[PDB]
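This report refers to the structure that appears directly beneath it.
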Amino acid sequence: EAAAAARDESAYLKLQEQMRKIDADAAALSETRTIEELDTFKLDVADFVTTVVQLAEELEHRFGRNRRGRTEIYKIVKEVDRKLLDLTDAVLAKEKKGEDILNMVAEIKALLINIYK
């Protein structure tokens, strides 16, 4: 059997894989203007955020190694929500282009990175 990594590390690795899907979705969001794809994207991020936030909660409770306090983590989450909400408005907007869609997503990624580490 292949060697296993610590629970904290094992969760970290898979989170990286989740990002790729978001990155792939970002390309699709640029490729297509349908909101239906966005509906899943907004929810998908919540799963990523919940896992990271929950993971952060466990770090304090279990191992006792948390890089930052809960308050700082929450601040980041609120900013993420606005970006997805703003993007939804753009999709509804009468006018829109591929670059506008991607630009909004590109900054969503940044918010997810600093919580990942």
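Letters A, B, ... go to the chains of the structure tokens in the order shown; residues in each chain start at 1; ligands are counted from 1 in the same order.
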Within 7 Å of region 89-102 of chain A, counting only C-alpha atoms, which residues show up once you throw out same-chain ones fewer than 6 positions away? Write them as a list in words, please.
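In the requested form, the answer reads residues 26, 29, 30, 31, 33 and 35 of chain A.
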Could you write out the selected residues, including N, CA and C atoms, as a PDB file, in the first residue's frame?
ATOM      1  N   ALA A  26     -13.728  28.442 -15.050  1.00  0.00           N
ATOM      2  CA  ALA A  26     -13.463  29.827 -15.428  1.00  0.00           C
ATOM      3  C   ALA A  26     -13.311  29.949 -16.943  1.00  0.00           C
ATOM      4  N   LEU A  29     -16.782  29.581 -18.299  1.00  0.00           N
ATOM      5  CA  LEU A  29     -17.521  30.818 -18.053  1.00  0.00           C
ATOM      6  C   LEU A  29     -17.158  31.868 -19.103  1.00  0.00           C
ATOM      7  N   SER A  30     -15.877  31.945 -19.449  1.00  0.00           N
ATOM      8  CA  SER A  30     -15.446  32.825 -20.529  1.00  0.00           C
ATOM      9  C   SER A  30     -16.004  32.349 -21.869  1.00  0.00           C
ATOM     10  N   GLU A  31     -15.994  31.035 -22.073  1.00  0.00           N
ATOM     11  CA  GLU A  31     -16.436  30.452 -23.334  1.00  0.00           C
ATOM     12  C   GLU A  31     -17.936  30.634 -23.557  1.00  0.00           C
ATOM     13  N   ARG A  33     -21.929  32.234 -22.092  1.00  0.00           N
ATOM     14  CA  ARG A  33     -22.588  33.293 -21.323  1.00  0.00           C
ATOM     15  C   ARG A  33     -23.743  32.774 -20.451  1.00  0.00           C
ATOM     16  N   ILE A  35     -25.921  31.551 -17.533  1.00  0.00           N
ATOM     17  CA  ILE A  35     -25.877  31.638 -16.075  1.00  0.00           C
ATOM     18  C   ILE A  35     -25.951  30.261 -15.405  1.00  0.00           C
TER      19      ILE A  35
END
DSSP helix (DSSP H, G or I) selection over chain A, as a PyMOL selection string
chain A and resi 7-31+35-61+70-92+98-116
When distances are computed from only C-alpha atoms, which of A:55, A:27, A:73, A:44 shows the smallest separation from residue 103 (chain A)?
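Using only C-alpha atoms, the shortest distance to residue 103 (chain A) belongs to A:27.
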If you count only C-alpha atoms, which residues fall within 10 Å of residue 11 (chain A), apart from same-chain ones fewer than 6 positions away, as number ranges by chain?
A: 5, 51-52, 55
Using only C-alpha atoms, find the one residue out of A:87, A:56, A:3, A:108 that sits nearest to residue 37 (chain A).
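So, comparing all the options, the nearest one is A:87.
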Skipping near chain neighbours, those fewer than 5 positions away, what residues fall within 10 Å of residue 115 (chain A) using only C-alpha atoms, listed as an NGL selection string?
:A and (49 or 52-53 or 56 or 67-68 or 72-74 or 76-77 or 110)
Just checking: using only C-alpha atoms, which residue out of A:8, A:116, A:28, A:14 ends up closest to residue 65 (chain A)?
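Counting only C-alpha atoms, the residue closest to residue 65 (chain A) is A:8.
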Produce a table with one row for each residue of region 54-112 of chain A that has an atom at most 9 Å from any atom of region 16-24 of chain A, each row naming the nearest atom pair and its distance in Å at one decimal; use only C-alpha atoms; arrange rows by chain and rising residue number; format as CSV.
residue,atom,partner,partner_atom,distance
A:105,CA,A:23,CA,8.6
A:106,CA,A:23,CA,8.7
A:109,CA,A:19,CA,8.0
A:112,CA,A:19,CA,8.5
Got time to write the residues from that selection, N, CA, C and O atoms, as a tab-separated table (two decimals), in the first residue's frame?
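Below is the file that was written, result_3.tsv:
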chain	number	residue	atom	x	y	z
A	105	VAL	N	-13.48	36.29	-12.48
A	105	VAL	CA	-13.10	35.00	-11.92
A	105	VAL	C	-11.64	35.00	-11.48
A	105	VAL	O	-11.29	34.40	-10.46
A	106	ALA	N	-10.78	35.67	-12.25
A	106	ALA	CA	-9.35	35.67	-11.96
A	106	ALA	C	-9.08	36.16	-10.54
A	106	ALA	O	-8.17	35.66	-9.88
A	109	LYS	N	-9.98	33.60	-7.65
A	109	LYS	CA	-8.93	32.63	-7.37
A	109	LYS	C	-7.98	33.16	-6.30
A	109	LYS	O	-7.61	32.43	-5.38
A	112	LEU	N	-9.13	32.66	-2.86
A	112	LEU	CA	-9.07	31.26	-2.45
A	112	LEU	C	-7.65	30.82	-2.11
A	112	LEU	O	-7.46	29.92	-1.29
Which polymer residues have any atom within 9 Å of an atom of residue 104 (chain A), counting only C-alpha atoms, with same-chain residues fewer than 6 positions away left out, as a PyMOL selection string?
chain A and resi 83-84+86-87
For residue 42 (chain A), find every residue with an atom within 9 Å (counting only C-alpha atoms), except residues of its own chain fewer than 4 positions away, and show them as a list in words.
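Final neighbour list, sorted by chain and number: residues 38, 46, 81, 84 and 85 of chain A.
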Considering only C-alpha atoms, return as a list in words whatever protein or nucleic-acid residues lie within 12 Å of residue 7 (chain A), sequence-local ones (same chain, fewer than 3 positions apart) excluded.
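The neighbour list is residues 4, 10, 11, 12, 13, 14, 55, 58, 59, 62 and 63 of chain A.
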Just-selected residues, N, CA, C and O atoms written as a compact mmCIF listing (two decimals), in the first residue's frame:
# COMPACT_ATOMS: atom_id res chain seq x y z
N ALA A 4 0.83 6.86 3.33
CA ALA A 4 -0.24 7.83 3.56
C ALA A 4 0.30 9.10 4.20
O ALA A 4 1.27 9.06 4.96
N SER A 10 -3.21 15.66 3.81
CA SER A 10 -4.08 14.99 2.86
C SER A 10 -5.20 15.92 2.39
O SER A 10 -5.57 15.90 1.21
N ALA A 11 -5.73 16.71 3.31
CA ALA A 11 -6.78 17.67 2.96
C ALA A 11 -6.22 18.78 2.07
O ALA A 11 -6.87 19.23 1.13
N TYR A 12 -5.00 19.23 2.39
CA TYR A 12 -4.36 20.30 1.63
C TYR A 12 -4.22 19.91 0.16
O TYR A 12 -4.56 20.69 -0.73
N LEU A 13 -3.75 18.69 -0.09
CA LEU A 13 -3.49 18.25 -1.46
C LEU A 13 -4.76 18.26 -2.30
O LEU A 13 -4.77 18.78 -3.41
N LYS A 14 -5.84 17.68 -1.77
CA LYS A 14 -7.08 17.58 -2.53
C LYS A 14 -7.67 18.95 -2.84
O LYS A 14 -8.25 19.15 -3.91
N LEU A 55 -11.59 23.22 7.83
CA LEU A 55 -10.23 22.76 8.05
C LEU A 55 -9.51 23.70 9.02
O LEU A 55 -8.80 23.25 9.92
N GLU A 58 -10.65 23.01 12.52
CA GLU A 58 -10.07 21.79 13.07
C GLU A 58 -8.63 22.02 13.53
O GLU A 58 -8.19 21.44 14.52
N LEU A 59 -7.89 22.85 12.80
CA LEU A 59 -6.49 23.10 13.14
C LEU A 59 -6.35 23.60 14.57
O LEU A 59 -5.46 23.15 15.30
N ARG A 62 -7.82 20.53 16.98
CA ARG A 62 -7.13 19.24 17.00
C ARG A 62 -5.62 19.40 17.17
O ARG A 62 -5.10 19.26 18.28
N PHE A 63 -4.90 19.70 16.09
CA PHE A 63 -3.44 19.79 16.14
C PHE A 63 -2.97 20.97 16.99
O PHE A 63 -1.93 20.89 17.65
Please measure the separation of CA of residue 57 (chain A) and CA of residue 70 (chain A), giving the value in Å to one decimal.
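Separating CA of residue 57 (chain A) from CA of residue 70 (chain A) is a distance of 7.8 Å.
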Quick check, in Å to one decimal: how far apart do CA of residue 88 (chain A) and CA of residue 50 (chain A) lie?
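Going from CA of residue 88 (chain A) over to CA of residue 50 (chain A), I get 20.7 Å.
Checking A:64, A:111, A:117, A:6 one by one against residue 78 (chain A), counting only C-alpha atoms, you find the shortest gap at A:111.
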When you draw a straight line from CA of residue 82 (chain A) to CA of residue 66 (chain A), how long is it in Å?
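A separation of 25.9 Å between them.
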